[PDB]
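Just one chain is shown here, as structure tokens, and it is the form deposited in one PDB entry.
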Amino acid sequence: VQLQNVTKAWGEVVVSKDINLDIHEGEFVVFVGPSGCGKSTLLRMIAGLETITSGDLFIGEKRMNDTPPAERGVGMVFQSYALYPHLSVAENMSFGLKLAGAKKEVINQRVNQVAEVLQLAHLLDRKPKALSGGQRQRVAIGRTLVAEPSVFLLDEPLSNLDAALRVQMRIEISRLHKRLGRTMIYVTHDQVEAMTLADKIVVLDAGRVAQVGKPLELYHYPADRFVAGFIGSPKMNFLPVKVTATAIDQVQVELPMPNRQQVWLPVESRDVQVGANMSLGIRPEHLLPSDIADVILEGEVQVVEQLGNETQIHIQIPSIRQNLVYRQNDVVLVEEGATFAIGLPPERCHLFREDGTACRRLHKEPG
């Protein structure tokens, strides 16, 4: 429930810096970050299986860096095959006889209720070698939902599950949290999941903590370029611009286009010098039909991905490196090489200084 300058490292390969997390009791916290940033290591250190090179681990109240993996209040172990190849499903799931707590021995009343939510009922007498990746995965989860620790440490527990099934499990896991009221430390790559379950999201990046905030705060108010480009599916579009003017709460920038159009952005303005080279971000879903008016960008359709509910059009614009990704509702029929124009809304624009830190958007978004 609490870290303090927890630094981990092995040689000159520092996996984690002085991260300072403050997880309250019964809070649902998910960890997200680029592959390699230190999410799994962090979760393990919070438990056993991994040492703590420096810092304090306040679980409950007093430190627990030396406490044996046994009693901590933790309940980890996850993802397809971590199960005993000789025991059965019911046997593996009902291993909650000694996992940091005090339970009876007629708990069959729960191992049967858990295998129910995980739709594993008809597989209780099954052996691991007889379960699919997805099935094994849920068994591994039951083992933890059965023990019912004081603090769960889930690590991508819902992987290997079809979409429909994965939605039901999100519901189940959400209930198991608004009931046991325990503390949860979830780790995932599924961003939709993060936003739906998380009651506070932690974004890691190369060992360091990038930002911590609620779902919509991270989405709407990334503190820097990195976080901005990490939260949100089709990465946020980034255009190179130049600050031409400065007000108290404006900051005018010049788009690299041939026409060199300028526009006033509802941004911080603090520490923004005229003439500075800055990064302007705009999300694929925030771009406009262009049918309306104002700031417009035109280019050639490079890619077009059909998703049934929406269409993502990749547009190439002169003077801009990478294509500009744009998402539009429904099936939209356009071809490659075609000419496409979109509208760039100033309220929904982000601006990052050369150092990458953000210029606190002033526009108030609901939430």
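If you superpose the two forms and keep the largest set of C-alpha atoms that fall within 1.5 Å, you have the rigid core. One-based numbering along the sequence shown.
What comes next is about the form deposited in another entry, which does not appear here.
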With the rigid core superposed, which of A245, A276, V263, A100 has its C-alpha shift by 2 Å or more between the shown form and the other one?
-> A100
Is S233 one of the residues whose C-alpha moves 2 Å or more between the shown form and the other one after the core fit?
-> no
When you overlay the rigid core, is the Cα of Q211 off by 2 Å or more between the shown form and the other one?
-> no
Hey, does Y81 budge by 2 Å or more at the Cα between the shown form and the other one once the core is superposed?
-> yes
Check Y81 against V202 at the C-alpha atoms and report closer or farther in the other form, compared with the shown form; the change is 3 Å or more.
-> closer
